[PDB]
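In structure tokens, the next block holds one chain alone, the form deposited in one PDB entry.
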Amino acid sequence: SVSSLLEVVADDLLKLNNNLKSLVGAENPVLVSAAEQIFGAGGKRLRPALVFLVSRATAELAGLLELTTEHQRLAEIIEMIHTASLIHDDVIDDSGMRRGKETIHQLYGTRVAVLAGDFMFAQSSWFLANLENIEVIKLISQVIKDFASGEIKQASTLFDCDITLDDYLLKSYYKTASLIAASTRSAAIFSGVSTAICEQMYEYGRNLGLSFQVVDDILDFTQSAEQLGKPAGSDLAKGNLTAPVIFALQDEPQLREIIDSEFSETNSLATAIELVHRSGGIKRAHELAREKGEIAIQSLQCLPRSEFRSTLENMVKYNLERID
């Protein structure tokens, strides 16, 4: 249960959840309702939780009695950047279901959804500049660039089966892992801990996020749309060749033709899907997630033994057992 997993920082999340409503304002009922749609749809709030967990462990190590106001704002900032990414991702992937509810672009047109994401990006970087830490300012600005860089790169290698796993991990760093890595390090920065601790907190966030996206790519093959709350079996059909396919593409070369066919033949997608399950593609991709999770756990031993650290120890083990 994600509820029990995030128990030690449950109270911190409830303050954030009651606060995202006003995080955009009230002058614009369209933008307000567009935000209530995706915020109220029921996200997992995993990115604010890790910020909360890292902020507390590194605050105990630094002698702070409570959390700074910039800790609690940072958690609201990362979630709003994550939300802005999802909005722009759905317009890109032509997805009509997010978190069990209809996506914004199919309610208010693609333009308003794009502007809502543009607003959420500038809004978070505006809050972030008001936190006055210049180092976090540049770090998060790098992440906003990484989301666009990965999406342009992911859009240009579709149906290209000679894509390497090296490219696949770099792509998933840009669009998913860079934000999570910057959020865990920026939390350590607002606690004032040493540079080495700052660096290892960033290394936990990038490796947990890397395996997190690998699992997100697995659940597209192994879970239903109703289960995930978002369209399932969509990456392969669009030409986005995730780790199960790249692993599978090494032994069963019939995949190459079907994907280079752009699945034009009727029945081709159904047979290509079973060719992925045919091979050890799904399980070989899972062990890539386990390895990325192994590196993430090692970065935690720099911290003392605390239930904040052991929850952060549990969050990768929860990733490998997650049906979403």
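Between two forms, the rigid core is the largest collection of C-alphas that superpose within 1.5 Å. In case it trips you up, residue 1 is the first one in the sequence shown, and so on.
As for the form deposited in another entry, it is not shown, yet the points below apply to it.
Looking at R206, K230, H71, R185 after a core superposition between the shown form and the other one, you find that only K230 has a C-alpha shift of 2 Å or more. For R99, a C-alpha deviation of 2 angstroms or more is recorded between the shown form and the other one after rigid-core alignment. In the core-superposed comparison between the shown form and the other one, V136 has its Cα shifted by less than 2 Å.
Once both forms are fitted on their rigid core, the CA atom of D90 lies 2 Å or more apart between the shown form and the other one.
In comparison with the shown form, the Cα-Cα distance of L23 and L50 decreases by at least 3 angstroms in that other deposited form. With a change of no less than 3 Å, the CA-CA distance between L312 and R98 is larger in that other deposited form than in the form shown.
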